[PDB]
Amino acid sequence: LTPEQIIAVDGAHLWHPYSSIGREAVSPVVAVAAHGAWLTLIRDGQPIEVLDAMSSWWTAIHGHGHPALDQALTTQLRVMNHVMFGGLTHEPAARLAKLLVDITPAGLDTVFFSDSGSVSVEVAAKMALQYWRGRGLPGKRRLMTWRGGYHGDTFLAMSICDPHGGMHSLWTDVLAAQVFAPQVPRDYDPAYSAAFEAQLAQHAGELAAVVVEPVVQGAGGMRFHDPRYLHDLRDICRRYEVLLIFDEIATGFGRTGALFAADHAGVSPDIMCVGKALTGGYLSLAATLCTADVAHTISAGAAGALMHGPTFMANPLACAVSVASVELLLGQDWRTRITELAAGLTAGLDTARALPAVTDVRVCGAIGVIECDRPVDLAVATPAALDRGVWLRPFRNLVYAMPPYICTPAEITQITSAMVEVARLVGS
Amino acid sequence: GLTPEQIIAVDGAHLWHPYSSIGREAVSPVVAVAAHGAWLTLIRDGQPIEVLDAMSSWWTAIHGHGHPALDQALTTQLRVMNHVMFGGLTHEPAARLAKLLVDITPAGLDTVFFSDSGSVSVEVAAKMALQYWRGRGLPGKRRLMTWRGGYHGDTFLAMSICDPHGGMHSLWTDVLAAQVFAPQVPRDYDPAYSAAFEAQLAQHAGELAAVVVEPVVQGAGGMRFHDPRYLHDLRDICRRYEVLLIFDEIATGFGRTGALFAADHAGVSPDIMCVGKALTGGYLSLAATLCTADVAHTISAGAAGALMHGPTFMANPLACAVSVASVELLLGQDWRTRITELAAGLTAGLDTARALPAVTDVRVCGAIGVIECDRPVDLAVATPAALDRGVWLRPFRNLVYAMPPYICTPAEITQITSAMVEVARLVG
Ligand SMILES: Cc1ncc(COP(=O)(O)O)c(C/N=N/C(=O)c2nc3ccccc3s2)c1O
Ligand SMILES: Cc1ncc(COP(=O)(O)O)c(C/N=N/C(=O)c2nc3ccccc3s2)c1O
Ligand SMILES: [Cl-]
């Protein structure tokens with residue numbers, strides 16, 4: 001198909017994320033290639049090279065078409081595409097589980113593979129519910145979180161999305177009613193943790209788990225909070241016997257400057273979700289990890305098993321590329337790489353602070369954010385960024401980037417320059 | 001790298017399996033080291049042995065594993081573009097696949113929402129149905145209706161429409177949405193069943209968004225078949241009472257029941273349809289939810305303005321690319337004759353099981369063969385007996401069953417059926 005033909009088919013038959021059919025303000029742009037940190041897009045019938053500043057929604061940590069990941073895939077493809085995980089096991093699943101259990105916060109000893117982040121969140125909730133049922137306490141079945149969060153689009157996942165301002169707001173009426181603490185602030189305030197404890201205390205007998213994104217809240221507003229809050233959550237959850245779940249689907253694999261965001265606080269959750277960058281952005285895969293204690297309690301319960309099992313569970317292809325992606329990350333000095341990236345983003349975005357429409361500029365590891373004083377118009381922002389050789393996808397009032405770790409200093413500055421110019425257009 | 005013994009050690013300590021325990025498994029999983037065509041290479045007492053994939057790795061491996069055309073499609077796409085975000089971008093694999101799916105599915109299904117698993121595709125279908133009625137100013141239409149015996153996945157919404165017994169709803173007291181269940185649909189056509197279904201629907205019509213069913217064949221919930229005329233009745237009932245009809249063809253799709261889609265046996269189109277499993281030829285997790293122009297426009301013209309769903313890896317180029325190849329390979333051969341031959345092979349091979357003491361039913365529908373027993377099939381007895389005969393079989397409850405790859409030769413079908421008959425013989 002030609003780019004024109006692709007556009008015609010797409011307009012007629014393809015639903016896009018959080019979109020309409022036939023009522024799109026803009027057509028999507030045709031992507032024809034991706035190599036390293038660069039995408040080849042079609043603009044006015046002509047191919048153009050642009051930087052993947054979003055890492056394809058925080059997935060492409062090693063860039064696209066990395067030789068190590070490409071070959072990990074083709075090697076596995078030669079041997080075994082897929083087998084059912086019921087009654088069978090395999091090397092890619094075992095290699096990946098071993099890696100994950102070793103590199104995640106201490107105590108996370110068991111791994112349940114699934115095919116997406118949302119599902120891995122549903123699995124985490126199921127683990128928590130079955131845990132308490134295994135303890136003879138089925139009343140512990142609600143979840144508690146703080147505002148500003150996002151955990152996916154399946155119905156249970158939706159129930160812990162930010163209620164007033166989050167994308168799932170119109171659905172309250174049919175969702176499970178969960179417990180919400182106020183928005184966690186950026187700076188550490190002991191009063192916030194005290195209020196969190198007081199609220200949790202009154203629901204403790206009906207709460208299975210606290211579920212949060214640690215340090216960085218992604219899709220709910222690219223907000224950062226002091227890691228000390230995670231220390232407080234761990235303590236509160238311990239004392240009130242509520243499980244603690246960290247959703248690291250966006251924060252995992254070095255993105256915030258530590259291997260996992262929980263590491264900023266030295267905290268171990270009882271249950272943890274990973275996804276996105278897990279596969280280096282080649283294929284959909286996610287994982288839910290839990291402690292031996294959680295695993296044993298579920299396994300000793302009336303169910304005698306965790307009642308979940310997706311068709312493509314532990315897909316060899318996805319696992320094999322993930323093994324390669326994780327090994328590639330661990331085999332380099334990733335901490336220095338992310339520190340250099342963060343410094344690059346900080347230096348490059350500094351000028352944005354002075355712009356009339358900019359309310360905040362913030363950086364955390366390989367995450368750069370310009371917060372504007374109004375919703376960003378994509379019809380203006382998209383071409384402006386493309387004009388400067390960068391693919392940016394603002395959302396709400398945020399112009400932000402989570403670049404591939406392989407971006408050179410020059411490429412980071414190109415990205416931040418495009419961000420600043422988008423922000424300039426917002427205010428003019 | 002890990003040896004089979006090392007794999008078992010890692011797996012026992014760290015890996016969850018579908019609907020399994022950690023540390024309380026009756027039998028260790030068997031190490032799978034390769035898969036090619038209709039055959040898996042498994043480790044039995046340290047030795048690699050080749051056995052037939054009688055289940056098609058749970059419906060998925062329709063062209064067998066490592067089909068050269070499907071391998072080549074994946075590697076071709078890998079050299080061009082592994083993945084890009086589907087927010088603001090489109091691409092050829094998504095367009096090519098959407099075009100194919102619209103063309104081959106029951107008439108009227110004009111739009112395609114890609115997701116990363118069957119459960120997610122079912123949640124998307126439910127979301128379409130609920131948002132549809134919100135767009136019609138009828139938000140009270142929020143419940144789902146189904147018949148007993150069904151299975152639609154493991155996420156919390158999907159669980160709510162699973163058979164209450166198969167889905168162990170007794171373990172989920174007041175966590176699941178309470179849906180409307182009709183009695184088990186019978187094998188033979190009885191107008192009284194449909195009249196009763198209609199009367200039950202009628203009294204719930206004002207609070208029902210949709211009827212959701214698996215058409216012709218109920219898979220994971222009991223491998224039951226029903227007369228296609230029941231689907232004709234559902235279409236009519238849903239039409240007259242203004243309730244949407246959703247067919248879940250995640251297991252039945254792509255020729256498995258002897259028609260391209262099971263709905264084709266009835267000459268009916270649903271308002272919303274789910275596909276998965278065989279979609280990718282079993283290479284990778286991908287699913288799709290299709291809906292009519294009416295459904296898509298009613299959602300889009302609603303005050304909400306957008307379907308609030310969008311998985312990170314939506315419309316993954318690699319998965320879409322191998323699916324395009326899998327669909328084209330199916331359509332480019334005389335698949336109808338192939339399935340007819342497979343059905344005949346299964347019928348002939350399983351015929352001797354009818355006379356066995358512990359056998360209550362023997363049934364075949366397209367490339368699906370089932371022996372139902374009068375008691376639970378003992379896995380510790382069933383596995384070695386099938387493995388001796390060069391066949392991987394996975395009985396559950398009282399059922400010994402197969403859904404073989406379409407590429408299976410008459411000799412392989414004879415091998416598969418003989419193993420099934422022997423498992424049934426040992427039950428009695
Ligand atoms: C912390 C966290 N937990 C779970 C999920 C859901 O994972 P998944 O999409 O694989 O089901 C996610 C999903 N992340 N979503 C995205 O990064 C975005 N999707 C869109 C779509 C449209 C506009 C912006 C975004 S950000 C997540 O960040
Ligand atoms: C009609 C239909 N709709 C939706 C789903 C859910 O798809 P997914 O597992 O990709 O989320 C499915 C999933 N089917 N699952 C399987 O056939 C099996 N899963 C397991 C798990 C453990 C042991 C046996 C089986 S069979 C389905 O058949
Ligand atoms: Cl978007």
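In what follows, chains carry the letters A, B, and so on, assigned in the order in which the sequence lines appear, proteins first and then strands, with residues in each chain numbered from 1.
With sequence neighbours excluded, the residues forming a side chain to side chain donor-acceptor pair (under 3.5 Å) with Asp53(B) are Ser57(B), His65(B), listed by chain and number. With sequence neighbours excluded, the residues forming a side chain to side chain donor-acceptor pair (under 3.5 Å) with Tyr151(B) are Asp154(B), listed by chain and number.
Residue pairs meeting the ring-ring contact (aromatic ring centres under 6.0 Å, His included) criterion with at least one partner in residues 313-332 of chain B, sequence neighbours excluded, are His83(B)-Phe313(B). The list of salt bridge (charged side-chain N to carboxylate O under 4.0 Å, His left out) pairs with a residue in residues 335-351 of chain B, not counting sequence neighbours, reads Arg338(B)-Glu341(B). Applying the salt bridge (charged side-chain N to carboxylate O under 4.0 Å, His left out) definition to pairs two or more places apart or across chains, those involving residues 97-108 of chain B are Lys99(B)-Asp103(B).
We find the CZ-CG distance between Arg394(B) and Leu399(B) to be 14.0 Å, quoted to the nearest 0.5 Å. The CG atom of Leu317(A) sits 12.0 Å away from the OG1 atom of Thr279(A) when rounded to the nearest 0.5 Å. Interatomic distance, CZ of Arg229(B) versus CG of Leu234(B), reported as 14.0 Å (0.5 Å rounding).
For the pair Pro18(B) and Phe85(A), the tightest heavy-atom approach, listed with the atom from each and the gap, is CD-O, 3.3 Å. When all heavy atoms of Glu214(B) and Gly149(B) are compared, the closest pair comes out as OE1-O, 4.3 Å.
Between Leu286(B) and the options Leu97(B), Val322(B), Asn316(B), a side chain to side chain contact (heavy atoms under 4.5 Å, CB included) holds for only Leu97(B). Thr89(A) pairs in a side chain to side chain contact (heavy atoms under 4.5 Å, CB included) with only one of the listed residues (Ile7(B), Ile43(B), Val30(B)), which is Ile7(B).
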Which pairs of donor and acceptor atoms, one on a side chain in residues 32-42 of chain B, lie under 3.5 Å apart (sequence neighbours left out)?
from	atom 1	to	atom 2	distance (Å)
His36(B)	NE2	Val79(A)	O	3.2
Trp39(B)	NE1	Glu412(B)	OE2	2.9

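Two residues are said to be in side-chain contact when any heavy atoms from C-beta on lie closer than 4.5 Å; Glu328(B) and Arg96(B) meet this criterion. You'll find the side chain of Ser121(B) reaches within 4.5 Å of the side chain of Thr289(B), heavy atoms only.
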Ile368(B)/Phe225(B) under side-chain contact (heavy atoms from CB on, under 4.5 Å): CA gap, chis, key distance, verdict: CA-CA 10 Å; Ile368(B) 309 163; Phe225(B) 314 147; 4.0 Å; yes
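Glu123(B) and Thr155(B) form a side-chain donor-acceptor contact under 3.5 Å, judged by distance and modelled atom types alone.
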